[PDB]
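No lab work stands behind these numbers, since they all come straight from the coordinates. Quick reminder, even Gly has a Cβ in these numbers, built from the backbone with ideal geometry, and neighbours come from all protein chains shown.
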Amino acid sequence: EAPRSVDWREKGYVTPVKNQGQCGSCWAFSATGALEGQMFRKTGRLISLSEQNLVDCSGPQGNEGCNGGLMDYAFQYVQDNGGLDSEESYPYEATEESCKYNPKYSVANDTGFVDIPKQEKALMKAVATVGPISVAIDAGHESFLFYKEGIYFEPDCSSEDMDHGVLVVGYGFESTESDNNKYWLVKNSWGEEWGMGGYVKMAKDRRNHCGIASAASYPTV
Ligand SMILES: *[C@H](O)C(=O)[C@H](Cc1ccc(OC(C)(C)C)cc1)NC(=O)[C@H](Cc1ccccc1)NC(=O)OCc1ccccc1
């Protein structure tokens, strides 16, 4: 099943890499990334969404602002809230502020989310059919912090204890690397100076490396 390569950037699903700065807001960037993709699918307009709106306002859903949160809680907030503001109307400050949500500037919405079954084959299918997917990974490693090029593979990685929300925008394979040659194409939120222009190729089909298939979901819009 599924194409041998997918890349939602080339279809215009994906906003430029952003930078969460010194705020534990990775979950919000992964969520706005998944939502940006699904709104684009619906409407043909690609609009950067407000991570700050999610940071300040999705407390009721269970999120903890700059201290952490889950993508599904963010999707739940957008639903509960009846909308989400744009990045330009509600810009990123990288700290906890009073919730400033103004429905007058809502440019997005959803009707819940879908959690993907915990298998890479299932992630493959969802990426191929739906668009960018929110995923969490065990990013807690020097080798990840200082990642720059190639297919990321970390022997001590965990498939069960993930700590970092990112966005899978596709998958592929190295004509270079073809032995364990496949990778997920992953949009991170640490600015463009990290990894490959802010992106990382995570090892694909290596028995759920770093837990990339263990917490995948997307908003239904
Ligand atoms: C976000 O950037 C995260 O990475 C954060 C933990 C963390 C690790 C390392 C850093 O340092 C920098 C890289 C420099 C920023 C910062 C923060 N992770 C979360 O927010 C997690 C990850 C996750 C896992 C699975 C699904 C979604 C997201 N969410 C979280 O920590 O969950 C705990 C929780 C919070 C609130 C309520 C209930 C549970």
Report summary line: Computed, not fitted: 222 nm per-residue ellipticity of the chain from DSSP H runs ≥ 4 (each -39500 (n - 2.57)), nearest 500, equal to -6500 deg cm²/dmol
Query - Where the Cα pairs of the chain fall when distances are cut into 10 Å bins, in % - result: 9, 37, 37, 14, 2, 0
Report task. Take each uninterrupted DSSP H stretch in the chain, measure its Cα extent along the helix axis, and return the ones at 20 Å or beyond whose mean Kyte-Doolittle hydropathy is at least -1.0. Result -> 26-43
Requested in this report: For the stretch 74-167, state the average projected area of the convex hull of the C-alpha atoms over all orientations, rounded to one decimal in nm².
Outcome: 8.6
Query raised in the report: In bins 5 Å wide, starting from 0, what share of all Cα pairs of the stretch 1-103 does each bin hold, as a percent?
Result: 2, 14, 24, 25, 17, 10, 5, 3, 1, 0
Requested in this report: Work out the charge dipole of the chain with +1 on the Cβ of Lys and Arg and -1 on the Cβ of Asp and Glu about the Cα centre, then indicate which of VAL200, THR32, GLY172 is farthest towards its positive end.
Outcome: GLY172
Report task. Once you have all Cα-Cα distances for the stretch 141-180, histogram them in 10 Å bins from zero and send the whole-percent values. Result -> 19, 52, 29, 0
Query raised in the report: Over the chain, what is the mean sequence separation of C-alpha contacts under 8 Å (at least six apart), divided by residue count, expressed as relative contact order in percent?
Result: 27
Query raised in the report: What is the antiparallel percent of DSSP beta bridges lying wholly in the chain, to the nearest 5?
Result: 95
